[PDB]
Amino acid sequence: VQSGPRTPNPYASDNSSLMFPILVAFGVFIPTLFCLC
Amino acid sequence: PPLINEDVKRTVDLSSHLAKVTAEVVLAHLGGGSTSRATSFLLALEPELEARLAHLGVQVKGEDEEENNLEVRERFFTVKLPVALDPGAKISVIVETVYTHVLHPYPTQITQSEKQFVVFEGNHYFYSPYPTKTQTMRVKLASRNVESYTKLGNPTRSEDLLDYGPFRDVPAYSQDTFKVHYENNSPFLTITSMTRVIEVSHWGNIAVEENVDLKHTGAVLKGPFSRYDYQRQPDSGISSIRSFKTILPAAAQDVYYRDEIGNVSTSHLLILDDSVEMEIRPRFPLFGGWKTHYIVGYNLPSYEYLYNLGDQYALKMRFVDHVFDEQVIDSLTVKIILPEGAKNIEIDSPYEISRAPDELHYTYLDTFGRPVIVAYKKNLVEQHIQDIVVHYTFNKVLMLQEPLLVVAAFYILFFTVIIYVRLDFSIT
Amino acid sequence: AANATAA
Amino acid sequence: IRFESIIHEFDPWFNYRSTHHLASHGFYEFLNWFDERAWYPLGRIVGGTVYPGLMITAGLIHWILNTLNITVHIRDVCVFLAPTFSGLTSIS
Amino acid sequence: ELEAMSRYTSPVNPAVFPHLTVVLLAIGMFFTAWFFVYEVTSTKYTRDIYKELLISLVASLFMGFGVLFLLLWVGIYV
Amino acid sequence: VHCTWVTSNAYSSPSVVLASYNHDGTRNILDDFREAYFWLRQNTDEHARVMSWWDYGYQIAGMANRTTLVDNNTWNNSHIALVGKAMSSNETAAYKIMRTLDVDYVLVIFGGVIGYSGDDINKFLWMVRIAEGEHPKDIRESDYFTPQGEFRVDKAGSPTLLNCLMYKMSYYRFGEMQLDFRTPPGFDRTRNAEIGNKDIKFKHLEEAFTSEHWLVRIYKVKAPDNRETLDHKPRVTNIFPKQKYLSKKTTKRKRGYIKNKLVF
Ligand SMILES: *[C@@H]1O[C@H](CO)[C@@H](O[C@@H]2O[C@H](CO)[C@@H](O[C@@H]3O[C@H](CO[C@H]4O[C@H](CO[C@H]5O[C@H](CO)[C@@H](O)[C@H](O)[C@@H]5O)[C@@H](O)[C@H](O[C@H]5O[C@H](CO)[C@@H](O)[C@H](O)[C@@H]5O)[C@@H]4O)[C@@H](O)[C@H](O[C@H]4O[C@H](CO)[C@@H](O)[C@H](O)[C@@H]4O[C@H]4O[C@H](CO)[C@@H](O)[C@H](O)[C@@H]4O)[C@@H]3O)[C@H](O)[C@H]2NC(C)=O)[C@H](O)[C@H]1NC(C)=O
Ligand SMILES: CCCCCCCCCCCCCC(=O)O[C@H](COC(=O)CCCCCCCCCC)COP(=O)(O)OCC[N+](C)(C)C
Ligand SMILES: CCCCCCCCCCCCCC(=O)O[C@H](COC(=O)CCCCCCCCCC)COP(=O)(O)OCC[N+](C)(C)C
Ligand SMILES: CCCCCCCCCCCCCC(=O)O[C@H](COC(=O)CCCCCCCCCC)COP(=O)(O)OCC[N+](C)(C)C
Ligand SMILES: *[C@@H]1O[C@H](CO)[C@@H](O[C@@H]2O[C@H](CO)[C@@H](O)[C@H](O)[C@H]2NC(C)=O)[C@H](O)[C@H]1NC(C)=O
Ligand SMILES: *[C@@H]1O[C@H](CO)[C@@H](O[C@@H]2O[C@H](CO)[C@@H](O)[C@H](O)[C@H]2NC(C)=O)[C@H](O)[C@H]1NC(C)=O
Ligand SMILES: [Mg+2]
């Protein structure tokens, strides 16, 4: 009836994986503000 | 293949609102001939309680459960033994059955300041196709208040349990009527109808919800209901139910308990280190014939219930989850709401569920309907809590069909402006 | 300020 | 933020109830709606003794919002209709 | 079998749904504000249609993804 | 800053769920309206008729989904006059009025256990006035006042109100409800005055439901009398001595007595 102990979240690791997507967003934004010329 | 049972001890438990009978039966094979086949042994049910069966199980020596197939003889259940027995060997088998809606309340109209009495009609003898050599029946009642009990062998009565005689020799398919009338101040709660929706989302959260309609079956109340007697006079309405606790699965994060009319603020949730137990207290106390309808929901993360490999996913959940102790469900409908691009779908279930054709479900920002699986079941019990799995396949790229619609929408919202400053519409 | 009787 | 997203005063319940009827029966059923569950021995002609401006607006926003597959219940529309219109009042 | 499969992870870590919304929503707003300004200070002859369509596309792209992540942070799970 | 303060503290308050604040800042929610209306929604017949004052006419039909007699929107004032006369007479006239309208339940909001201002006793005088407006010969406002000229609930109240149906309906079995805090047995937290009629009994009604803080009380209108009875004890003269017999019966000796029975 009772399930058991919960599972630790295997999602990510700090100082690399959390900021990687945000940095991808920034790195796309800057060349977009280059197509002026 | 012709065999008899040497010693059978059956115990009937009536302290619940449903009757649980357990028979330890020792199958012995009469040593006649060298036919060592003895593979499957029949199991029978009395005709009066045929429609009232819930879950039948066979356990041997405490080991793994055996498998029983429903069988018709020109109902019966055939049981396949693990190791066939040679003539002259004994196997100890345990047959445990649960009967629902079998205790009828006899007064049937009970005031607020009274007790509740229930009557039960069962069998003295182990109703089996094979002759029994010794059989002892033991009834475990609820309280020490017995009104009339059938005396086949002038049985003794200890604390609350009454023990019957030895019943030396009987033929096969033998029936006798045993009636017991006692006092049962126990929660008679029946879940009339449950609809249980599961929604799968690959963004990382699966939401489960359940609408439960439940009524207090036994001993409908007659006369006035005065809360002053309910509140400042002890032991008034002992047959009433005031609260019941549901054991919610571990890592249930957003637990909402509500009604058809708004929120309900009378629930206490405690997070244990194995589950999450939330005690639900309804808006009003139930007294007999009184019903309530509530909705309990929670969404839990998918990194423990969904397993994937390449392109093939598989979800493993429970078919029916714990609602209260010794629950009984009359009608049940499970719906699984898979995401939009589920190409193939297979469902593996551990018992016979009656599934209906698939119907689409249209939700936020979806162009094509997402597959829904509907499975109906009748007369569940507290022991049908098992796991079903569903296999499906789902392309990864189709997920970014969800971020595109919004983008397109915004583009349209801009394109209007681009076509708006290109219009003159002036006459002069 | 509602549609009730003034108490 | 506090309590719950439900209706409050005595009057908005009738507005809500007739709006629910307009959601589940269409317009020409709400125009001819003869409520027999109010003023019991007499019955109340709702379509001809009410102002159908709040109900029609709520039902129209509900229909537009459910045609785009944004499944919102009509009690949420009836709750959050007023602030949205406060914005338009500021513009006016 | 259920033994040879791995437990399913979300493609984006949930604890970074908020930080990835604002960044994908601020930029979008910025681009939209650049479009609107451009449409107020431009005469009919001077306006170039290609810059209009391009800034519309980029602003709509970032605004749409930001709206999705906002929608998914509050608890809708599209 | 003033606008934010006024919206925060004054106008953002629901009347469906009441909030009583604990001393430590914890807030408890008195949720008795929705409790009673949900009972009424799921424990009655589908075609039951409830009688209430006009204020809640909407709220019953929205929440509880039951047939009301008088609604919140007022377009027929003599119907409300009938309801007011039923709510402000004794049980016999009120029972006739309730029989001719095929009512089943009667709903009264009583805010005396907790300190709730607007209950039906605070809105009773408007019932009396509205019923006087259409039936001047039956209901007199001055009749519900004390000979001094004030409206009170004590022993000094008028016996024309202490047998009213609203009074017998919202104070039933309240003369025994004493709070743990040391105060009189019967006490009204709004009308800070001890009730004069501690014991009241019904003849054509019976209590059907009563919310947790006794905020909403629902009574059931019983069926008509099964059979008529004599109004007086049967005829007893003084010519022969009565010589009434004594019970002579226990829970063990259940044996009656017969005058003309042959002895052994
Ligand atoms: C919309 O609907 C939702 C859902 O209905 C509403 O949400 C609900 O809101 C309530 C409160 O309003 C939440 O309740 C909380 O429940 C917890 C859990 O309580 C259980 O555990 C308690 C502790 O148990 C251990 O310890 C005891 C020994 O004391 C052991 O015996 C146990 O075995 C455990 O080891 C336990 O005390 C509780 O029992 C109580 O209830 C039973 C009922 O049968 C009684 O008999 C008992 O005597 C006892 O009263 C229960 O088993 C509670 O811990 C919470 O209490 C907090 O709040 C109290 C005030 O109400 C306060 O006195 C407590 O100290 C406690 O305070 C907490 O919070 C403080 C900050 O505010 C902290 O500083 C403090 O340290 C502490 O952490 C509370 O009762 C529901 O969880 C919640 N429902 C859901 C699903 O989340 C919502 O309100 C609605 N919104 C609306 C209407 O707007
Ligand atoms: C129920 C539907 C009714 C159908 C309407 C049938 C119309 C019949 C013929 C209409 C003739 C149209 C005349 C017309 O378009 O001229 C309009 C000004 O013209 C008007 O003011 C009348 C406009 C009426 C049409 C509005 C609804 C039409 C819906 C289709 C878009 C502009 O005149 P101007 O005075 O030049 O305004 C220019 C001012 N600016 C600063 C913006 C430059
Ligand atoms: C085409 C025409 C378009 C016109 C737009 C029409 C607007 C209708 C949209 C209705 C949105 C309803 C959303 C909603 O129901 O949210 C509610 C309430 O909780 C909230 O705080 C939500 C407030 C923020 C909602 C803002 C979204 C509206 C944006 C459109 C202007 C959730 O609250 P609940 O969870 O139900 O209440 C529990 C409260 N506790 C604190 C006790 C837990
Ligand atoms: C295309 C035309 C213009 C579009 C206008 C946008 C209209 C907004 C649509 C509202 C969507 C309904 C939200 C909703 O379903 O409620 C919550 C979850 O919702 C919430 O708790 C609040 C989230 C609201 C944020 C919406 C922001 C989207 C803005 C995009 C422009 C989920 O419900 P549940 O979690 O199932 O629990 C039910 C609680 N209720 C009381 C609400 C019934
Ligand atoms: C309020 O109660 C009435 C009566 O119980 C409900 O009306 C019934 O609705 C169901 C489904 O819509 C029908 O099958 C019945 O035939 C209806 N009964 C009558 C007498 O018309 C009504 O739906 C309820 N309102 C709700 C639930 O919002
Ligand atoms: C209940 O009240 C009614 C009137 O409100 C009383 O009826 C009148 O009682 C007097 C008493 O003699 C009669 O003379 C009248 O004929 C009655 N009818 C009317 C219309 O006035 C009734 O007696 C009261 N019952 C009680 C107090 O027990
Ligand atoms: Mg998806």
Fill in: Two-site label geometry, residue F:10 and residue B:238: point separation in nm, points 7 Å out along Cα→Cβ
5.7
Discussion item. For a quick check: with amide H placed at 1.01 Å from N, whose amide H comes under 5 Å from residue F:71's, ignoring anything fewer than 5 positions away on the same chain?
Written reply: D:39
Worksheet item: Helix D:54-67 versus the longest principal axis of chain D: what angle, 0 to 90°, nearest 10, using Cα atoms?
Response: 60
Worksheet item: In peptide F:169-182, what is the residue-averaged number of other protein chain Cβ atoms found within 10 Å of each Cβ?
Response: 1
Worksheet item: How many Cβ atoms of partner chains, on average, are near each residue of B:313-324 if near means within 10 Å of its Cβ?
Response: 1
Practice prompt. For the range F:220-264 and the range B:384-400, write down the distance between their C-alpha centroids in whole Å.
Written response: 78
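Take peptides F:72-83, D:38-49 and line them up by average Cβ neighbours within 10 Å, highest first, as a rough protection proxy.
So the order, starting with the most tightly packed, is F:72-83, D:38-49.
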Practice prompt. Measure nothing but the geometry: give the 0 to 90° angle between the long axis through the Cα atoms of E:17-40 and the longest principal axis through the Cα atoms of chain E, rounded to 10°.
Written response: 10
Discussion item. Please list, by residue number, everything in the range E:42-71 whose backbone N is under 16 Å from a paramagnetic label point 7 Å out along Cα→Cβ of residue A:35.
Written reply: E:48-65
Worksheet entry | Neighbour-count ranking [beta-carbon atoms within 10 angstrom, fewest first] of A:37, D:78, F:3 | A:37, F:3, D:78
Practice prompt. Hey, for a label at residue F:198 modelled as a point 7 Å past Cα toward Cβ, could you say which residues of the range B:209-233 have their backbone N under 20 Å away?
Written response: B:227-233
Discussion item. Give the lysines whose C-alpha is closer than 17 Å to that of residue F:85, dropping any in the same chain fewer than 8 places away, or say none.
Written reply: F:96, F:123, F:137, F:168
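What's the FRET efficiency of residue B:154 with residue F:257 using the Cβ-Cβ distance as r and R₀ = 51 Å, to the nearest 0.05?
0.85
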Worksheet entry | Percent of Cα-Cα distances greater than 41 Å, calculated over the protein assembly as shown | 57
Response to the item:
In nm, the gap between the two label points placed 7 Å beyond Cα toward Cβ at residue E:33 and residue B:426 is 3.2
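Which of F:201/F:244; B:9/B:151; B:245/B:291; B:115/B:151 have a Cα-Cα distance over 20 Å?
F:201/F:244; B:115/B:151
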Discussion item. If I fit a long axis through the Cα atoms of helix F:32-42 and take the longest principal axis of the Cα atoms of chain F, what angle between them do I get, 0 to 90°, rounded to 10?
Written reply: 60
Worksheet entry | J(HN,Hα) series, the range F:61-75, from Karplus relation 6.51 cos²θ - 1.76 cosθ + 1.60, nearest Hz, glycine and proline x | 6, x, 6, 6, 6, 9, 6, 8, 8, 9, 9, 6, 5, 9, 10
Practice prompt. Would you please state which residues of the range F:84-124 a label at residue F:141 would reach in this model, taking the label point 7 Å out along Cα→Cβ and a backbone N cut-off of under 14 Å?
Written response: F:124
Worksheet item: Taking chain F as a Gaussian network, Cα atoms linked when under 10 Å apart, which of F:160, F:146, F:183 shows the biggest mean-square fluctuation?
Response: F:183
Discussion item. Can you tally the net charge around residue F:199? Count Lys and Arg as +1, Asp and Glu as -1, for every other residue whose Cβ sits under 10 Å from the Cβ of residue F:199.
Written reply: +2
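Just order B:24-33, B:170-179 by mean Cβ neighbour count inside 10 Å, highest at the front, would you?
Highest mean packing first, the order is B:24-33, B:170-179.
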Discussion item. Distance between the C-alpha centers of the range B:87-160 and the range F:55-104? Whole Å please.
Written reply: 53
Fill in: Ellipticity estimate at 222 nm from DSSP helix runs (n ≥ 4, -39,500 (n - 2.57)) divided over chain B, nearest 500
-1500 deg cm²/dmol
Discussion item. Need the C-alpha centroid separation for the range B:201-259 versus the range D:55-92, integer Å.
Written reply: 34
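Considering only the other residues whose Cβ falls under 10 Å of the Cβ of residue B:45, what net charge follows from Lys and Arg at +1 and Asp and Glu at -1?
-1
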Fill in: Distance (nanometres) between label positions extended 7 Å along Cα→Cβ at residue B:352 and residue D:31
5.5
Item to complete: Rounded to the nearest 0.05, what FRET efficiency do residue B:331 and residue F:126 give with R0 = 56 Å and r taken as the Cβ-Cβ distance? Could you check?
Response: 0.70
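Quick reminder, even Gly has a Cβ in these numbers, built from the backbone with ideal geometry, and neighbours come from all protein chains shown. Readers should treat all values here as calculations from the given coordinates under stated rules, not as data from a laboratory.
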